[PDB]
Every structure is written in structure tokens, then in C-alpha cells.
């Protein structure tokens, strides 16, 4: 299979700075016609992708000059001379040289801000849900940065990963932070087999994890 590898996958940037996105293919994109069908798309939230650069370096209609594409063979690069708010979104390289045509995984250009520790809150199953036979233990890790974070669940001191579902919000339009929800789903009977429930957050803002717990009592 022809693999398109973009790097980095996430690219924090301050408005006004230069940004560079790499895209490498597992095999040459030089088509037998002599042309190189390597293209770049930009996709903003809720919108369909839009063509930015076609055939390595040709700027598409309406694309500002701060965008420039270069490279050849298996190595390509997209550069933004001075990032503006409207440039934030997800960039995809795409090749039309070898069927099946393929896309890179996408590089997310996002607004950089100071690192911020998450505010962690844990919640025991409501009495209402228990009455229904279920038991969801919820944990909110809010307004932190960067988005990279590790959440561990511990029941009576033992790590539990099965039955855990996580959900992440998109970067906040106001404070540029991220938030996530983690839920340990259990049957009412499983919940009653243990007492201590803990939500642990590991984030680069601290060498020690943030621990929030409660006792089924």
C-alpha cells in the first residue's frame, strides 16, 4: 500500500510565526506521465476540505502567497510564512499518482498558549442510575494545555482500563484550552464489589499525577 506520512501530526503555532508541514510517501509520487500529483488540502471545522496547492507547488485559486509547496519524489513540504487565524485547521497531503489514491493522516495547525494543568473532578454514580441497574463513574479533566494527557482509573488501588470511554472537546475558541471526559462504565453489581474509585491525570504540567477519588462508602 502507498503510505503518506505527515509530520508533525499536531502543530501548535503562534499567529505570525512560520509553520512547516512534512509529507513523505512510501514510494515516489512521480507519475509515468512525468508529472507529480501531490496536493495539499486545508480543512476547517464543519467544512469540506479545500484545495490549497496542486502538483507540489502550484497555488490554487484564491490561495495567498504565504502558502508555498515544495519537494519531489517522496519528500514534500508545505510552508506558511506567517500564520493567520484563518489558517488554523487540518492540513492534508494527497496523492493522485497511484491508485488507490491516498491521503496523509492530517496535520492539525492549532493556536499555541501557555501550558495549563487540568482541573479534575470525579463523580460517583447518581442514585437515579443505580436504581436503574447501572453505574457510571465520571471524571472531567477541564481546560488544560497541551491536549496530550493520560487518564488512569483505579478501583481499590488496581488499574482498570476495560469499560472506560473517553471524549475530548476541540480547542476552546476563547482560552485555547482542551477538556476531556472519562467514564468508567460498570454494572451495579461490579460497582458494589469495590469501595475506592480514583481518577488519575498525568499531564506535562506536573511530575506527579492529579488524583481525585471517592469511596462508595
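Positions refer to the first chain, counted from 1.
Comparing 58-66 with 156-164, the stretch with the higher mean C-alpha B-factor in the PDB entry is 58-66. For the pair 123-131 and 137-145, the mean Cα B-factor is higher in 123-131. Within the listed group 111, 101, 90, 93, the record reports its top CA B-factor for 111. Across the residues 10, 195, 198, 207, the deposited record lists the maximum Cα B factor for 207. When the CA B factors of the chain's modelled residues are split into thirds, the value for residue 31 lands in the middle one. In the PDB entry, residue 77 places in the middle third of its chain by CA B-factor. In the PDB entry, a CA B factor belonging to the lowest third of its chain's modelled residues is recorded for residue 187. When the modelled residues of the chain are ordered by C-alpha B-factor, residue 23 sits in the lowest third. The entry lists a Cα temperature factor for residue 169 that places it in the middle third of the chain's modelled residues.
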